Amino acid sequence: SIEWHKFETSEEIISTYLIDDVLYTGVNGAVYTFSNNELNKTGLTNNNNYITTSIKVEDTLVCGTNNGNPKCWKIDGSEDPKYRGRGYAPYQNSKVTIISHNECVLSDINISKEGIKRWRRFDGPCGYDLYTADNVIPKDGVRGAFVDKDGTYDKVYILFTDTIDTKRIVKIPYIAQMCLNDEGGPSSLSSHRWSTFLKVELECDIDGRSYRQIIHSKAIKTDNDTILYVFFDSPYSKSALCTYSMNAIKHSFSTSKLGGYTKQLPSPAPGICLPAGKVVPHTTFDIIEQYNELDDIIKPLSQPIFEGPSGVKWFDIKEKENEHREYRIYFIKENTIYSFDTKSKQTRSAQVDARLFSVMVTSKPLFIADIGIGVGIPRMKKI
């Protein structure tokens, strides 16, 4: 059932990506590619070089951490003519959220060795460098990000969990939006910051259990709109998955008021994209940075909503054989594979003798582990 394409030896998996239906697995020192059942490997500078990113710009780019000096390389080794790496890979082995739309790169990777977490857009087809304001993005970083249309303009949506320490330490999940081709600020000082950034609180409660920590997210475009699947973790024994309507979210950002701001909002609302060349006014930019959170909380769609177990690190979705517009949700833990059927609401589990890292579905579910990649699912029993 499950066909394992084992590595030569056990590897430390750092990251996994899919571009042209090709699985790019980054390990400590090299990067593997998988397509058409064949495994190809290209070794890079072997030391403490963690390959955290594999994106598609003008060409396939693979970047690693090096020995504290981030650097990028081409798919087949090479030098990389652009000499990038600064915001394309971290200085230390860590989690990364970096995405490329057409050729525009968006990342949460630190630009310097001295912390300061930001969601940035590098100079390219969509405009020049742009970065979020101070303390906007949590030290936990961005957990998921994607590009989706809202009208005729493209927008970038990101998810992250913020920690607030007032009287108690409380975690809060959020979804933020911004225009892909946002010009930037209006001053000299704020010309390189986002001028359309807004965020809303997300809810995923079941029976008194309020999930806050976001793990992974996936956005699926359908006929009506875009459905966003978000898996949450908890310091207890369960985890949970909630779905959200992107149409409902867009409506909220578009019509909901700003928490803390009681006065009238400007003719062109704060988080609305402007035509190419037009810049967000000062009066509008002063409101948006001081009041960037909506006075609303987004409720999840009635289905699917299921729980457990805590420790999930990745999930992916596959449509349930064109006959049903239903799905099969695959998610994994350290040594267990799970499958949730949305129609029957049944969850099965399968144990494996490997340290699982991710599930990335193409035509068939691929399971990236320390030993290699397993094509197809094993025989599963009802958990």
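Numbers follow the displayed sequence, beginning with 1.
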Using the B-factors recorded in the PDB entry, average over the C-alpha atoms of 91-99 and of 169-177, then report which stretch comes out higher.
91-99
Got a sec? Mean C-alpha B-factor, which is higher, 209-217 or 182-190?
182-190
Per the deposited entry, the peak Cα B-factor within the set 19, 366, 371, 13 goes to 19
Tell me, please, which of 55, 332, 39, 27 has the highest C-alpha B factor according to the deposited entry?
39
Tell me, lowest, middle or highest third: where does the Cα B factor of residue 247 rank within its chain?
lowest
What third of the chain, by the recorded C-alpha B-factor, contains residue 350?
highest
Among the chain's modelled residues, which third holds the C-alpha B-factor of residue 134?
middle
According to the PDB entry, is the CA B factor of residue 34 in the bottom, middle or top third of its chain, that is, lowest, middle or highest?
highest
Entry-reported Cα temperature factor of residue 222, expressed as the chain third it lands in
middle
